[PDB]
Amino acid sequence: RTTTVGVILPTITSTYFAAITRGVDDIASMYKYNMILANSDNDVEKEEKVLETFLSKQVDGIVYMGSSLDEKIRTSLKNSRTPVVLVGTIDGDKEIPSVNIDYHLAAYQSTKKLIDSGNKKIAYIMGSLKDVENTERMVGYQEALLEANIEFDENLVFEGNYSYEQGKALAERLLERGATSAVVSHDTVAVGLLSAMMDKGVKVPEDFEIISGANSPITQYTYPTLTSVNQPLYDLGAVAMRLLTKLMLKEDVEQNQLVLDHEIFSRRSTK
């Protein structure tokens, strides 16, 4: 009976999720664990069916990646009692083990960088505010604005953004609001935003600045290249797999909400 691990992610074609998955696989490979991978496409019905399949295959542990853990997906795990680690997302109840960066600190640091280069109207483009990662970003953004005596304005926060196409469509909205810069949670959206600014003939970084959220490979594929928060994507996966290993061995775990360090990589899209 070889240890078998189930990995769920939206799509192996994502440069974000694939980087994380590679870290998971490398560790599993080192310990000779079997790996079953499933693409959810962020479809909760699909995620539910995948978990039923994992149970039928008697997996020993699960690694979960996604936009958010749906409440249904929390319950299925509860009833199975299979050891589980979330990577790049957080359980609202803070009970399911997880590996992430400090989203609050990153949002603070990114916003302060833009304040410090002269910006007074700073947009924050994020995913769903129902998710803890984004509530944390909002707090960080707000802390930076307050410290600089800039009034918070809800109309410069743009929620529910995940795609390249959404990023492209946001450019004209940000300009009409007088935004001179943006922090962007998702690299896909940041690439779309930059591309639309450049095609409008906006000067980047002279008149508009952008900081992206993860430093997946695609942040280097635009010119100007994207300044980004660096999430240690390979290590998120490797650290998650090591933690799942302890849980599957029934070794004691002090802290199960693991936080990895980040930094900001400065590129051409900031002054």
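Just count from 1 along the sequence shown to find any residue number.
J.: Take the C-alpha B-factors listed in the entry for 70 to 78 and for 108 to 116, compute each mean, and give the stretch with the larger one.
T.: On average, C-alpha B-factors are higher across 70 to 78.
J.: Per the record, averaged over C-alpha atoms, which has the higher B-factor: 80 to 88 or 96 to 104?
T.: It is 80 to 88.
J.: Out of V44, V229, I218, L233, which one has a C-alpha B factor higher than all the others in the entry?
T.: In this record, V44 carries the highest C-alpha B-factor of the candidates.
J.: In terms of the chain's CA B-factor thirds, is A169 lowest, middle or highest?
T.: It falls in the top third of the chain.
J.: Sorting the chain's modelled residues by C-alpha B-factor, tell me whether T225 ends up in the lowest, middle or highest third.
T.: Within its chain, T225 is a lowest-third residue by C-alpha B-factor, going by the deposited values.
J.: For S212, return the chain-relative third of its C-alpha B-factor as stated in the PDB record: lowest, middle or highest.
T.: Within its chain, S212 is a lowest-third residue by C-alpha B-factor, going by the deposited values.
J.: Going by what the PDB entry lists, where does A28 fall on CA B-factor within its chain: lowest, middle or highest third?
T.: Middle third, going by the recorded CA B-factors of the chain.
J.: Sort the modelled residues of this chain by their C-alpha B factor and say whether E176 lands in the lowest, middle or highest third.
T.: Highest third of the chain for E176's C-alpha B-factor.
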